[PDB]
>>> print(open('input.txt').read())   # compact mmCIF, N, CA and C atoms and all ligand atoms
# COMPACT_ATOMS: atom_id res chain seq x y z
N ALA C 1 0.86 -1.23 0.00
CA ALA C 1 0.00 0.00 0.00
C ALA C 1 0.87 1.24 0.00
N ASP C 2 1.12 1.81 -1.17
CA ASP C 2 2.05 2.92 -1.30
C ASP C 2 1.46 4.13 -2.00
N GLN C 3 1.92 5.31 -1.59
CA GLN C 3 1.41 6.57 -2.10
C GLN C 3 2.42 7.70 -1.87
N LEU C 4 2.10 8.88 -2.40
CA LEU C 4 2.90 10.09 -2.20
C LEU C 4 2.94 10.39 -0.69
N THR C 5 4.01 11.02 -0.23
CA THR C 5 4.16 11.31 1.19
C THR C 5 3.09 12.28 1.67
N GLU C 6 2.67 12.12 2.92
CA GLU C 6 1.62 12.96 3.50
C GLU C 6 2.07 14.41 3.55
N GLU C 7 3.37 14.62 3.73
CA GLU C 7 3.92 15.96 3.78
C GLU C 7 3.64 16.70 2.47
N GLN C 8 3.84 16.02 1.35
CA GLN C 8 3.61 16.62 0.04
C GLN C 8 2.12 16.82 -0.19
N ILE C 9 1.31 15.84 0.18
CA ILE C 9 -0.15 15.94 -0.01
C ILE C 9 -0.68 17.15 0.77
N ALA C 10 -0.18 17.34 1.98
CA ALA C 10 -0.60 18.46 2.81
C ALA C 10 -0.22 19.80 2.17
N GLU C 11 0.99 19.91 1.63
CA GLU C 11 1.40 21.16 0.99
C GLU C 11 0.65 21.37 -0.32
N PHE C 12 0.32 20.29 -1.02
CA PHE C 12 -0.45 20.40 -2.26
C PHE C 12 -1.90 20.76 -2.00
N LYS C 13 -2.38 20.61 -0.77
CA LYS C 13 -3.75 21.02 -0.46
C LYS C 13 -3.84 22.54 -0.54
N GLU C 14 -2.73 23.20 -0.27
CA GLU C 14 -2.66 24.65 -0.34
C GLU C 14 -2.59 25.08 -1.80
N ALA C 15 -1.93 24.27 -2.61
CA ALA C 15 -1.85 24.53 -4.05
C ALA C 15 -3.21 24.30 -4.70
N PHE C 16 -3.95 23.33 -4.18
CA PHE C 16 -5.30 23.05 -4.67
C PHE C 16 -6.24 24.22 -4.36
N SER C 17 -6.15 24.75 -3.14
CA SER C 17 -7.01 25.86 -2.72
C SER C 17 -6.66 27.17 -3.44
N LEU C 18 -5.50 27.21 -4.07
CA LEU C 18 -5.10 28.37 -4.87
C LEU C 18 -6.10 28.54 -6.02
N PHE C 19 -6.55 27.42 -6.56
CA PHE C 19 -7.51 27.42 -7.66
C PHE C 19 -8.95 27.35 -7.14
N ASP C 20 -9.19 26.53 -6.13
CA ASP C 20 -10.53 26.42 -5.54
C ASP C 20 -10.74 27.48 -4.46
N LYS C 21 -11.28 28.62 -4.87
CA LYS C 21 -11.50 29.77 -3.98
C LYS C 21 -12.59 29.51 -2.95
N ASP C 22 -13.51 28.60 -3.24
CA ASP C 22 -14.63 28.31 -2.34
C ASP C 22 -14.37 27.16 -1.37
N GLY C 23 -13.42 26.30 -1.69
CA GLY C 23 -13.06 25.21 -0.80
C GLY C 23 -13.98 24.01 -0.87
N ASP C 24 -14.76 23.88 -1.93
CA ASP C 24 -15.70 22.76 -2.10
C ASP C 24 -14.97 21.43 -2.37
N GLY C 25 -13.69 21.49 -2.70
CA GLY C 25 -12.88 20.30 -2.90
C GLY C 25 -12.84 19.85 -4.35
N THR C 26 -13.43 20.65 -5.22
CA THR C 26 -13.45 20.38 -6.65
C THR C 26 -13.26 21.72 -7.34
N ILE C 27 -12.33 21.82 -8.27
CA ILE C 27 -12.06 23.08 -8.96
C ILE C 27 -12.91 23.12 -10.23
N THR C 28 -13.74 24.13 -10.40
CA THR C 28 -14.61 24.21 -11.58
C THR C 28 -13.83 24.75 -12.77
N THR C 29 -14.43 24.68 -13.95
CA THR C 29 -13.81 25.19 -15.16
C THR C 29 -13.43 26.66 -15.01
N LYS C 30 -14.28 27.43 -14.33
CA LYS C 30 -14.04 28.87 -14.15
C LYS C 30 -13.08 29.17 -13.02
N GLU C 31 -13.12 28.40 -11.95
CA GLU C 31 -12.23 28.63 -10.82
C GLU C 31 -10.77 28.42 -11.26
N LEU C 32 -10.52 27.38 -12.05
CA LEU C 32 -9.16 27.17 -12.58
C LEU C 32 -8.93 28.10 -13.75
N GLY C 33 -9.98 28.31 -14.54
CA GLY C 33 -9.88 29.15 -15.73
C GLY C 33 -9.41 30.55 -15.45
N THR C 34 -9.77 31.08 -14.29
CA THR C 34 -9.33 32.40 -13.87
C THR C 34 -7.81 32.46 -13.81
N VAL C 35 -7.19 31.40 -13.31
CA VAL C 35 -5.73 31.33 -13.18
C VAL C 35 -5.08 31.01 -14.53
N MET C 36 -5.84 30.37 -15.42
CA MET C 36 -5.37 30.06 -16.77
C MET C 36 -5.26 31.35 -17.62
N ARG C 37 -5.09 31.18 -18.92
CA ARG C 37 -4.90 32.30 -19.86
C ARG C 37 -6.01 33.33 -19.93
N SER C 38 -7.15 33.07 -19.31
CA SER C 38 -8.25 34.04 -19.31
C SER C 38 -7.84 35.31 -18.57
N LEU C 39 -6.87 35.18 -17.67
CA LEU C 39 -6.37 36.33 -16.93
C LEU C 39 -5.69 37.34 -17.85
N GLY C 40 -5.01 36.85 -18.88
CA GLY C 40 -4.31 37.73 -19.80
C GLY C 40 -4.96 37.87 -21.17
N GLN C 41 -4.75 36.88 -22.02
CA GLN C 41 -5.29 36.90 -23.38
C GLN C 41 -6.78 36.52 -23.38
N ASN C 42 -7.35 36.31 -24.57
CA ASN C 42 -8.76 35.94 -24.71
C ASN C 42 -8.89 34.51 -25.27
N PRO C 43 -8.71 33.49 -24.43
CA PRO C 43 -8.83 32.13 -24.97
C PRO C 43 -10.28 31.73 -25.25
N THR C 44 -10.45 30.83 -26.19
CA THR C 44 -11.77 30.33 -26.57
C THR C 44 -12.22 29.33 -25.50
N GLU C 45 -13.52 29.18 -25.28
CA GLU C 45 -14.01 28.25 -24.25
C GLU C 45 -13.52 26.84 -24.53
N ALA C 46 -13.40 26.51 -25.81
CA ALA C 46 -12.92 25.21 -26.23
C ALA C 46 -11.52 24.90 -25.69
N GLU C 47 -10.71 25.93 -25.50
CA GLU C 47 -9.37 25.74 -24.96
C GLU C 47 -9.44 25.40 -23.48
N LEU C 48 -10.34 26.06 -22.77
CA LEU C 48 -10.51 25.82 -21.33
C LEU C 48 -11.04 24.41 -21.15
N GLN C 49 -12.00 24.03 -21.98
CA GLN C 49 -12.59 22.70 -21.92
C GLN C 49 -11.54 21.64 -22.17
N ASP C 50 -10.63 21.91 -23.10
CA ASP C 50 -9.56 20.96 -23.42
C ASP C 50 -8.66 20.74 -22.20
N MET C 51 -8.21 21.82 -21.58
CA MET C 51 -7.32 21.72 -20.42
C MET C 51 -7.99 21.03 -19.24
N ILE C 52 -9.28 21.26 -19.07
CA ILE C 52 -10.02 20.65 -17.98
C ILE C 52 -10.22 19.16 -18.25
N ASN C 53 -10.76 18.80 -19.42
CA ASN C 53 -11.08 17.40 -19.69
C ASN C 53 -9.85 16.51 -19.81
N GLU C 54 -8.73 17.06 -20.25
CA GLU C 54 -7.51 16.26 -20.39
C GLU C 54 -7.03 15.69 -19.05
N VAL C 55 -7.40 16.31 -17.93
CA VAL C 55 -7.02 15.79 -16.61
C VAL C 55 -8.25 15.27 -15.83
N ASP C 56 -9.43 15.78 -16.14
CA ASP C 56 -10.67 15.28 -15.54
C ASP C 56 -11.11 14.01 -16.27
N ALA C 57 -10.65 12.87 -15.78
CA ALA C 57 -10.98 11.58 -16.38
C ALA C 57 -12.48 11.31 -16.28
N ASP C 58 -13.12 11.90 -15.29
CA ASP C 58 -14.54 11.67 -15.05
C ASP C 58 -15.43 12.42 -16.03
N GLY C 59 -14.92 13.51 -16.59
CA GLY C 59 -15.71 14.34 -17.48
C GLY C 59 -16.81 15.11 -16.77
N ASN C 60 -16.59 15.47 -15.51
CA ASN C 60 -17.59 16.22 -14.73
C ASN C 60 -17.48 17.73 -14.98
N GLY C 61 -16.33 18.15 -15.50
CA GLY C 61 -16.06 19.57 -15.70
C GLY C 61 -15.41 20.15 -14.46
N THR C 62 -14.99 19.28 -13.55
CA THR C 62 -14.38 19.69 -12.28
C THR C 62 -13.14 18.87 -11.93
N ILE C 63 -12.09 19.56 -11.53
CA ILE C 63 -10.83 18.91 -11.17
C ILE C 63 -10.87 18.58 -9.68
N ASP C 64 -10.99 17.30 -9.38
CA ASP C 64 -11.01 16.83 -8.00
C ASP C 64 -9.57 16.80 -7.50
N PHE C 65 -9.39 16.63 -6.19
CA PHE C 65 -8.04 16.54 -5.63
C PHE C 65 -7.16 15.46 -6.30
N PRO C 66 -7.66 14.21 -6.46
CA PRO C 66 -6.74 13.28 -7.14
C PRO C 66 -6.51 13.57 -8.62
N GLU C 67 -7.42 14.28 -9.27
CA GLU C 67 -7.23 14.61 -10.69
C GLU C 67 -6.13 15.67 -10.75
N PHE C 68 -6.12 16.59 -9.80
CA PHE C 68 -5.05 17.58 -9.70
C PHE C 68 -3.71 16.88 -9.46
N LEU C 69 -3.73 15.89 -8.57
CA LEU C 69 -2.53 15.12 -8.23
C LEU C 69 -2.06 14.19 -9.36
N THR C 70 -2.89 13.99 -10.38
CA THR C 70 -2.53 13.12 -11.51
C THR C 70 -1.34 13.71 -12.26
N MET C 71 -1.21 15.02 -12.22
CA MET C 71 -0.11 15.69 -12.91
C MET C 71 1.25 15.24 -12.35
N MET C 72 1.31 14.97 -11.05
CA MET C 72 2.54 14.47 -10.42
C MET C 72 2.78 13.01 -10.82
N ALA C 73 1.71 12.24 -10.91
CA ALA C 73 1.80 10.82 -11.29
C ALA C 73 2.28 10.65 -12.74
N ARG C 74 2.11 11.67 -13.55
CA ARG C 74 2.64 11.63 -14.92
C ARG C 74 4.16 11.73 -14.90
N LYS C 75 4.70 12.49 -13.96
CA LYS C 75 6.15 12.69 -13.89
C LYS C 75 6.87 11.46 -13.37
N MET C 76 6.33 10.84 -12.33
CA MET C 76 6.89 9.60 -11.77
C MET C 76 5.73 8.67 -11.50
N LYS C 77 5.88 7.40 -11.84
CA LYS C 77 4.79 6.43 -11.66
C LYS C 77 4.39 6.28 -10.20
N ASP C 78 5.38 6.20 -9.33
CA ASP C 78 5.13 5.99 -7.90
C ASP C 78 5.18 7.30 -7.10
N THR C 79 5.96 8.26 -7.60
CA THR C 79 6.24 9.56 -6.93
C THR C 79 6.87 9.38 -5.54
N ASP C 80 7.37 8.18 -5.29
CA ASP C 80 8.00 7.80 -4.02
C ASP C 80 9.52 7.66 -4.22
N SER C 81 10.28 7.86 -3.14
CA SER C 81 11.74 7.79 -3.19
C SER C 81 12.36 6.53 -2.57
N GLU C 82 11.61 5.78 -1.76
CA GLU C 82 12.18 4.63 -1.04
C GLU C 82 12.36 3.38 -1.89
N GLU C 83 13.60 2.98 -2.10
CA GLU C 83 13.89 1.78 -2.88
C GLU C 83 13.53 0.52 -2.11
N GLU C 84 13.45 0.61 -0.79
CA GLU C 84 13.06 -0.55 0.02
C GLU C 84 11.61 -0.98 -0.28
N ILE C 85 10.80 -0.08 -0.82
CA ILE C 85 9.42 -0.40 -1.18
C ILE C 85 9.40 -1.41 -2.34
N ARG C 86 10.41 -1.33 -3.20
CA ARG C 86 10.50 -2.22 -4.37
C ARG C 86 10.67 -3.67 -3.92
N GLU C 87 11.16 -3.87 -2.70
CA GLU C 87 11.37 -5.22 -2.16
C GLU C 87 10.05 -5.96 -1.95
N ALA C 88 8.97 -5.22 -1.69
CA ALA C 88 7.67 -5.84 -1.45
C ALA C 88 7.26 -6.69 -2.65
N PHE C 89 7.74 -6.31 -3.83
CA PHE C 89 7.48 -7.05 -5.05
C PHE C 89 8.04 -8.46 -4.93
N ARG C 90 9.33 -8.58 -4.63
CA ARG C 90 9.97 -9.90 -4.57
C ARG C 90 9.58 -10.71 -3.34
N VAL C 91 9.03 -10.06 -2.32
CA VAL C 91 8.53 -10.77 -1.14
C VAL C 91 7.27 -11.54 -1.56
N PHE C 92 6.41 -10.91 -2.35
CA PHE C 92 5.20 -11.57 -2.82
C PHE C 92 5.49 -12.49 -4.00
N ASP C 93 6.43 -12.12 -4.85
CA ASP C 93 6.80 -12.94 -6.00
C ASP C 93 7.82 -14.01 -5.63
N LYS C 94 7.40 -14.97 -4.82
CA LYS C 94 8.28 -16.03 -4.32
C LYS C 94 8.98 -16.81 -5.43
N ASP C 95 8.29 -17.06 -6.54
CA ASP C 95 8.87 -17.83 -7.64
C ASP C 95 9.96 -17.05 -8.40
N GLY C 96 10.04 -15.75 -8.13
CA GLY C 96 11.07 -14.90 -8.72
C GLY C 96 10.97 -14.75 -10.23
N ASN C 97 9.78 -14.93 -10.78
CA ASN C 97 9.58 -14.90 -12.23
C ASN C 97 9.54 -13.48 -12.85
N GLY C 98 9.70 -12.45 -12.02
CA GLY C 98 9.77 -11.07 -12.49
C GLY C 98 8.44 -10.35 -12.70
N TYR C 99 7.33 -11.06 -12.56
CA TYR C 99 5.98 -10.51 -12.71
C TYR C 99 5.15 -11.18 -11.62
N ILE C 100 3.95 -10.65 -11.38
CA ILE C 100 3.00 -11.22 -10.42
C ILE C 100 2.08 -12.10 -11.24
N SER C 101 1.74 -13.25 -10.69
CA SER C 101 0.93 -14.25 -11.38
C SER C 101 -0.19 -14.67 -10.46
N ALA C 102 -1.28 -15.20 -11.00
CA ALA C 102 -2.39 -15.62 -10.17
C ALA C 102 -1.95 -16.72 -9.21
N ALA C 103 -1.20 -17.70 -9.71
CA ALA C 103 -0.77 -18.83 -8.88
C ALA C 103 0.07 -18.36 -7.69
N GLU C 104 0.89 -17.35 -7.94
CA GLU C 104 1.75 -16.78 -6.91
C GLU C 104 0.90 -16.21 -5.77
N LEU C 105 -0.12 -15.45 -6.14
CA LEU C 105 -1.00 -14.80 -5.18
C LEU C 105 -1.90 -15.82 -4.47
N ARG C 106 -2.34 -16.84 -5.19
CA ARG C 106 -3.20 -17.89 -4.62
C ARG C 106 -2.52 -18.52 -3.42
N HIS C 107 -1.22 -18.76 -3.53
CA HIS C 107 -0.47 -19.35 -2.41
C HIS C 107 -0.35 -18.40 -1.22
N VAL C 108 -0.15 -17.11 -1.47
CA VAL C 108 -0.06 -16.16 -0.35
C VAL C 108 -1.41 -16.10 0.36
N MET C 109 -2.49 -16.06 -0.41
CA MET C 109 -3.82 -16.05 0.18
C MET C 109 -4.06 -17.33 0.98
N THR C 110 -3.64 -18.46 0.44
CA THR C 110 -3.78 -19.74 1.13
C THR C 110 -2.99 -19.75 2.44
N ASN C 111 -1.82 -19.12 2.44
CA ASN C 111 -0.99 -19.01 3.64
C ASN C 111 -1.71 -18.17 4.71
N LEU C 112 -2.45 -17.17 4.27
CA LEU C 112 -3.23 -16.32 5.18
C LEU C 112 -4.53 -17.00 5.60
N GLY C 113 -4.87 -18.09 4.93
CA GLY C 113 -6.09 -18.84 5.23
C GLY C 113 -7.29 -18.36 4.44
N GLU C 114 -7.07 -17.56 3.41
CA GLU C 114 -8.15 -17.05 2.58
C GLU C 114 -8.38 -18.03 1.44
N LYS C 115 -9.62 -18.20 1.02
CA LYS C 115 -9.97 -19.20 0.00
C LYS C 115 -10.48 -18.52 -1.26
N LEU C 116 -9.60 -17.77 -1.91
CA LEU C 116 -9.96 -17.04 -3.12
C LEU C 116 -9.88 -17.95 -4.34
N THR C 117 -10.62 -17.59 -5.38
CA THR C 117 -10.64 -18.35 -6.63
C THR C 117 -9.86 -17.55 -7.66
N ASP C 118 -9.63 -18.12 -8.83
CA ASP C 118 -8.86 -17.45 -9.87
C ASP C 118 -9.54 -16.17 -10.35
N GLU C 119 -10.86 -16.19 -10.39
CA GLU C 119 -11.64 -15.03 -10.81
C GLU C 119 -11.57 -13.91 -9.76
N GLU C 120 -11.43 -14.28 -8.50
CA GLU C 120 -11.30 -13.29 -7.43
C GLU C 120 -9.96 -12.57 -7.56
N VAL C 121 -8.93 -13.29 -7.99
CA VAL C 121 -7.61 -12.69 -8.19
C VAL C 121 -7.66 -11.74 -9.40
N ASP C 122 -8.45 -12.11 -10.40
CA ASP C 122 -8.56 -11.30 -11.63
C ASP C 122 -9.05 -9.89 -11.36
N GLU C 123 -9.82 -9.69 -10.30
CA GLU C 123 -10.30 -8.35 -9.95
C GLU C 123 -9.13 -7.40 -9.68
N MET C 124 -8.03 -7.95 -9.15
CA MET C 124 -6.83 -7.16 -8.92
C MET C 124 -5.94 -7.15 -10.16
N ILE C 125 -5.96 -8.22 -10.93
CA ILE C 125 -5.14 -8.29 -12.14
C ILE C 125 -5.60 -7.24 -13.15
N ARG C 126 -6.90 -7.07 -13.33
CA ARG C 126 -7.41 -6.06 -14.27
C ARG C 126 -7.03 -4.63 -13.87
N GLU C 127 -6.81 -4.41 -12.58
CA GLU C 127 -6.41 -3.10 -12.08
C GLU C 127 -4.98 -2.80 -12.49
N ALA C 128 -4.16 -3.84 -12.52
CA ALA C 128 -2.75 -3.71 -12.86
C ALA C 128 -2.51 -3.76 -14.37
N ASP C 129 -3.13 -4.74 -15.00
CA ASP C 129 -2.89 -5.04 -16.39
C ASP C 129 -3.80 -4.24 -17.32
N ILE C 130 -3.74 -2.93 -17.16
CA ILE C 130 -4.54 -1.99 -17.93
C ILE C 130 -4.22 -2.10 -19.42
N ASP C 131 -2.94 -2.26 -19.76
CA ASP C 131 -2.53 -2.35 -21.17
C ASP C 131 -2.74 -3.74 -21.80
N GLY C 132 -3.17 -4.71 -20.99
CA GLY C 132 -3.49 -6.04 -21.49
C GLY C 132 -2.32 -6.82 -22.06
N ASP C 133 -1.11 -6.47 -21.66
CA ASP C 133 0.09 -7.12 -22.18
C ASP C 133 0.30 -8.54 -21.63
N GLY C 134 -0.41 -8.89 -20.56
CA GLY C 134 -0.31 -10.22 -19.99
C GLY C 134 0.74 -10.38 -18.90
N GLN C 135 1.39 -9.30 -18.52
CA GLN C 135 2.39 -9.34 -17.45
C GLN C 135 2.21 -8.15 -16.51
N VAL C 136 2.44 -8.42 -15.23
CA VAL C 136 2.28 -7.43 -14.17
C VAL C 136 3.65 -7.12 -13.57
N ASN C 137 4.23 -6.01 -13.97
CA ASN C 137 5.54 -5.57 -13.46
C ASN C 137 5.32 -4.61 -12.29
N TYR C 138 6.38 -4.08 -11.70
CA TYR C 138 6.24 -3.19 -10.53
C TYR C 138 5.35 -1.97 -10.79
N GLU C 139 5.50 -1.32 -11.93
CA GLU C 139 4.70 -0.13 -12.23
C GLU C 139 3.21 -0.47 -12.35
N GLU C 140 2.93 -1.68 -12.80
CA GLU C 140 1.56 -2.16 -12.92
C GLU C 140 1.04 -2.55 -11.52
N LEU C 141 1.92 -3.07 -10.67
CA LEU C 141 1.55 -3.42 -9.28
C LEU C 141 1.09 -2.17 -8.51
N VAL C 142 1.75 -1.05 -8.74
CA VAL C 142 1.39 0.22 -8.10
C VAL C 142 -0.08 0.55 -8.40
N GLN C 143 -0.55 0.21 -9.59
CA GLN C 143 -1.93 0.53 -9.98
C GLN C 143 -2.96 -0.16 -9.07
N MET C 144 -2.62 -1.32 -8.51
CA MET C 144 -3.54 -2.03 -7.60
C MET C 144 -3.62 -1.34 -6.25
N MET C 145 -2.56 -0.63 -5.89
CA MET C 145 -2.48 0.04 -4.59
C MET C 145 -3.01 1.47 -4.63
N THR C 146 -3.45 1.91 -5.81
CA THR C 146 -3.93 3.27 -5.99
C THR C 146 -5.27 3.27 -6.73
N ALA C 147 -5.83 4.45 -6.95
CA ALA C 147 -7.09 4.63 -7.65
C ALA C 147 -7.06 4.06 -9.08
N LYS C 148 -8.22 3.97 -9.71
CA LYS C 148 -8.32 3.41 -11.06
C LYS C 148 -7.79 4.41 -12.08
CA CA C 201 -14.54 25.04 -6.35
CA CA C 202 -13.86 15.13 -12.05
CA CA C 203 5.67 -14.31 -10.04
CA CA C 204 0.79 -5.00 -17.97
>>> encode(input="input.txt", output="structure tokens")
Amino acid sequence: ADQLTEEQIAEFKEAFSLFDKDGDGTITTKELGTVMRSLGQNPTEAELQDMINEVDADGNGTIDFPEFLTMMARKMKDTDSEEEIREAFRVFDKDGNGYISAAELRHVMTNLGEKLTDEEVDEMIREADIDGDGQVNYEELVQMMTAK
């Protein structure tokens, strides 16, 4: 279970409120738009819509806190600095095959006394294997520990 440090999230809450003047927790097209090029030049509404929708995966017309934080996730997949976190991969990947596999996870669940089926494991595999390449590497593992 890994994420950006709480220290950074706390400081970014202040950066979020820079755009959200009302504090509703969602930045509207106009609340962010004020800080965008509308302050200087005369951009077309279509330009504002483009900038908003490109990060608003939901298409609500509002930038939520994690949508704002998506910009950091573009720069680094994990946005974390601890190399010891990478070890959690090989702790779970007992067979050392370089990827996570259903059989690998089935045994860990069995060790914990959980009786999951192959389809139950797939619920986590689809979260990781977004590109459908058939292999779950560390960057894909991070996807299971974070939002969709
Ligand atoms: Ca707002
Ligand atoms: Ca949204
Ligand atoms: Ca494996
Ligand atoms: Ca993959």
>>> closest_residue(input="input.txt", among="C:78, C:7, C:140, C:22", to="residue 128 in chain C", atoms="only N, CA and C atoms")
C:140
>>> residues_near_ligand(input="input.txt", ligand="ligand CA 201 (chain C)", cutoff="6 Å", atoms="only C-alpha atoms and all ligand atoms", output="number ranges by chain")
C: 20, 22-24, 26-28
>>> write_last_selection(input="input.txt", atoms="N, CA and C atoms", output="PDB file, keeping the file's coordinate frame")
ATOM      1  N   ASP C  20      -9.190  26.530  -6.130  1.00  0.00           N
ATOM      2  CA  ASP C  20     -10.530  26.420  -5.540  1.00  0.00           C
ATOM      3  C   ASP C  20     -10.740  27.480  -4.460  1.00  0.00           C
ATOM      4  N   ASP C  22     -13.510  28.600  -3.240  1.00  0.00           N
ATOM      5  CA  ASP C  22     -14.630  28.310  -2.340  1.00  0.00           C
ATOM      6  C   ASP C  22     -14.370  27.160  -1.370  1.00  0.00           C
ATOM      7  N   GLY C  23     -13.420  26.300  -1.690  1.00  0.00           N
ATOM      8  CA  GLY C  23     -13.060  25.210  -0.800  1.00  0.00           C
ATOM      9  C   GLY C  23     -13.980  24.010  -0.870  1.00  0.00           C
ATOM     10  N   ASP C  24     -14.760  23.880  -1.930  1.00  0.00           N
ATOM     11  CA  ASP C  24     -15.700  22.760  -2.100  1.00  0.00           C
ATOM     12  C   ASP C  24     -14.970  21.430  -2.370  1.00  0.00           C
ATOM     13  N   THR C  26     -13.430  20.650  -5.220  1.00  0.00           N
ATOM     14  CA  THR C  26     -13.450  20.380  -6.650  1.00  0.00           C
ATOM     15  C   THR C  26     -13.260  21.720  -7.340  1.00  0.00           C
ATOM     16  N   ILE C  27     -12.330  21.820  -8.270  1.00  0.00           N
ATOM     17  CA  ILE C  27     -12.060  23.080  -8.960  1.00  0.00           C
ATOM     18  C   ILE C  27     -12.910  23.120 -10.230  1.00  0.00           C
ATOM     19  N   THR C  28     -13.740  24.130 -10.400  1.00  0.00           N
ATOM     20  CA  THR C  28     -14.610  24.210 -11.580  1.00  0.00           C
ATOM     21  C   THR C  28     -13.830  24.750 -12.770  1.00  0.00           C
TER      22      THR C  28
END
>>> residues_near_ligand(input="input.txt", ligand="ligand CA 204 (chain C)", cutoff="6 Å", atoms="only N, CA and C atoms and all ligand atoms", output="MDAnalysis selection string")
chainID C and resid 128:137 140
>>> closest_residue(input="input.txt", among="C:31, C:126, C:37, C:94", to="residue 17 in chain C", atoms="only C-alpha atoms")
C:31
>>> residues_near_ligand(input="input.txt", ligand="ligand CA 203 (chain C)", cutoff="6 Å", atoms="only C-alpha atoms and all ligand atoms", output="ChimeraX atom specification")
/C:93,95-101,104
>>> closest_atom_pairs(input="input.txt", of="chain C", to="ligand CA 202 (chain C)", cutoff="8 Å", atoms="only C-alpha atoms and all ligand atoms", output="JSON lines")
{"residue": "C:26", "atom": "CA", "partner": "C:CA202", "partner_atom": "CA", "distance": 7.5}
{"residue": "C:56", "atom": "CA", "partner": "C:CA202", "partner_atom": "CA", "distance": 4.7}
{"residue": "C:57", "atom": "CA", "partner": "C:CA202", "partner_atom": "CA", "distance": 6.3}
{"residue": "C:58", "atom": "CA", "partner": "C:CA202", "partner_atom": "CA", "distance": 4.6}
{"residue": "C:59", "atom": "CA", "partner": "C:CA202", "partner_atom": "CA", "distance": 5.8}
{"residue": "C:60", "atom": "CA", "partner": "C:CA202", "partner_atom": "CA", "distance": 4.7}
{"residue": "C:61", "atom": "CA", "partner": "C:CA202", "partner_atom": "CA", "distance": 6.2}
{"residue": "C:62", "atom": "CA", "partner": "C:CA202", "partner_atom": "CA", "distance": 4.6}
{"residue": "C:63", "atom": "CA", "partner": "C:CA202", "partner_atom": "CA", "distance": 4.9}
{"residue": "C:64", "atom": "CA", "partner": "C:CA202", "partner_atom": "CA", "distance": 5.2}
{"residue": "C:67", "atom": "CA", "partner": "C:CA202", "partner_atom": "CA", "distance": 6.8}
>>> select_by_dssp(input="input.txt", residues="chain C", states="alpha helix (DSSP H)", output="PyMOL selection string")
chain C and resi 6-19+29-35+45-53+65-75+87-92+102-112+118-128+138-144
>>> atom_distance(input="input.txt", atom1="CA of residue 117 in chain C", atom2="CA of residue 88 in chain C")
22.8 Å
>>> atom_distance(input="input.txt", atom1="atom N of residue 5 in chain C", atom2="CA of residue 91 in chain C")
22.3 Å
>>> axis_aligned_box(input="input.txt", around="range 43-55 of chain C", padding_each_side="4 Å", output="JSON")
{"center_x": -10.5, "center_y": 24.4, "center_z": -21.2, "size_x": 15.0, "size_y": 26.2, "size_z": 18.7}
>>> atom_distance(input="input.txt", atom1="atom N of residue 3 in chain C", atom2="CA of residue 92 in chain C")
17.2 Å
>>> residues_near_point(input="input.txt", point="(9.3, 8.8, 0.6)", cutoff="8 Å", atoms="only C-alpha atoms", output="ChimeraX atom specification")
/C:4-5,80-82
>>> write_last_selection(input="input.txt", atoms="N, CA and C atoms", output="short mmCIF file (atom, residue, chain, number, x, y, z; two decimals), in the frame of the given file")
data_model
loop_
_atom_site.label_atom_id
_atom_site.label_comp_id
_atom_site.auth_asym_id
_atom_site.auth_seq_id
_atom_site.Cartn_x
_atom_site.Cartn_y
_atom_site.Cartn_z
N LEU C 4 2.10 8.88 -2.40
CA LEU C 4 2.90 10.09 -2.20
C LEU C 4 2.94 10.39 -0.69
N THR C 5 4.01 11.02 -0.23
CA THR C 5 4.16 11.31 1.19
C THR C 5 3.09 12.28 1.67
N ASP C 80 7.37 8.18 -5.29
CA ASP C 80 8.00 7.80 -4.02
C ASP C 80 9.52 7.66 -4.22
N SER C 81 10.28 7.86 -3.14
CA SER C 81 11.74 7.79 -3.19
C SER C 81 12.36 6.53 -2.57
N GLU C 82 11.61 5.78 -1.76
CA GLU C 82 12.18 4.63 -1.04
C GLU C 82 12.36 3.38 -1.89
#
>>> closest_residue(input="input.txt", among="C:118, C:21, C:89, C:30", to="residue 103 in chain C", atoms="all atoms listed in the file")
C:118
>>> residues_around(input="input.txt", residues="residue 70 in chain C", least_positions_apart="4", cutoff="8 Å", atoms="only C-alpha atoms", output="list in words")
residues 55, 66 and 74 of chain C
